[PDB]
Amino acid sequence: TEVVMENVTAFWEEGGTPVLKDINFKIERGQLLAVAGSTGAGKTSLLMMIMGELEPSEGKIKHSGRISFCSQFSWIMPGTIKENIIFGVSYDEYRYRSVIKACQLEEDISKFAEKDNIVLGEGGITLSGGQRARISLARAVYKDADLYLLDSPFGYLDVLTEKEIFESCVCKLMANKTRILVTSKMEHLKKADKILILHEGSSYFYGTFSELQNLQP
């Protein structure tokens, strides 16, 4: 197993209300877990526990190896689009190009005279929200890691573009990698190896899309 939570309860503030309550899941190496639920359910907090910024008050957590995290808030630092995606990692043309293509950024980049050397975050180009989200996702996916934590990475994208990048990047390009994707979309839950639906900190549902279908619903 690559990631396990067993009976996990946690608090952001000592003596407050628990942000996660008796959470249970297991991800094997190379699987995809979809984490769903309404605002404030605790999805980002769950990711924060995996990254060690929130310790459990009850229960056990297992995870090993380096993590690549994609925030639900897209961000850019001053530098070229290539520098923003590589972001200090060693450069490889094939790897970079595969990520760019999987994130539909090659069409964006091909339109600039400076191509991948277009400068962002310095007052020149002002990117759309969808462009910033895909750059942020590409940055997280380019990093080599054992576990990818993708927190609602499809912000500002229309539903078809989201579907295409979910398939090309999360399912195809990242097929061999252990992935936790915070997402609410039906196809993502259907393609995930496991689904965890959170509601106000608790496990609303945990299992497979097929199991949920068999309950009616």
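For every residue, the number given is its place in the sequence shown, counted from 1. For the two forms, the rigid core is made up of the largest set of C-alpha atoms that agree within 1.5 Å on superposition.
**Q** Given a rigid core fit, name the stretch, 76 to 84 or 115 to 123, whose C-alphas are on average farther from the form shown here in 8 other deposited structures of this protein.
**A** Checking 76 to 84 against 115 to 123 in 8 other deposited structures of this protein, I find the farther stretch is 115 to 123.
**Q** So residue 216 is built in this one, but is it left out in a third or more of the other compared PDB entries that include its neighbours?
**A** Yes; at least one third of the other entries leave residue 216 out.
**Q** So, looking at the entry's B-factor column for Cα atoms, which has the higher mean, 22 to 30 or 51 to 59?
**A** Result: 51 to 59.
**Q** Quick check: 123 to 131 versus 67 to 75, which has the larger average CA B-factor in the record?
**A** The recorded data point to 123 to 131.
**Q** In terms of CA temperature factor as recorded, identify the highest of 157, 192, 186, 175.
**A** Spelled out: the listed residue with the top C-alpha B-factor is 175.
**Q** Report the third (lowest, middle or highest) to which the CA temperature factor of residue 138 belongs, ranking only the modelled residues of the same chain.
**A** Lowest third.
**Q** Looking at the C-alpha B-factor of residue 98, is it in the lowest, middle or highest third of its chain?
**A** For residue 98, the deposited C-alpha B-factor lands in the middle third.
**Q** Report the third (lowest, middle or highest) to which the CA temperature factor of residue 109 belongs, ranking only the modelled residues of the same chain.
**A** For residue 109, whose C-alpha B-factor we compare with every modelled residue in the chain, the answer is the middle third.
**Q** Rank-wise, by C-alpha B-factor, drop residue 201 into the lowest, middle or highest third of its chain.
**A** Tercile = lowest for this residue's CA B-factor.
**Q** Once the chain's modelled residues are ordered by C-alpha B factor and cut into thirds, is residue 83 in the lowest, middle or highest one?
**A** Lowest third.
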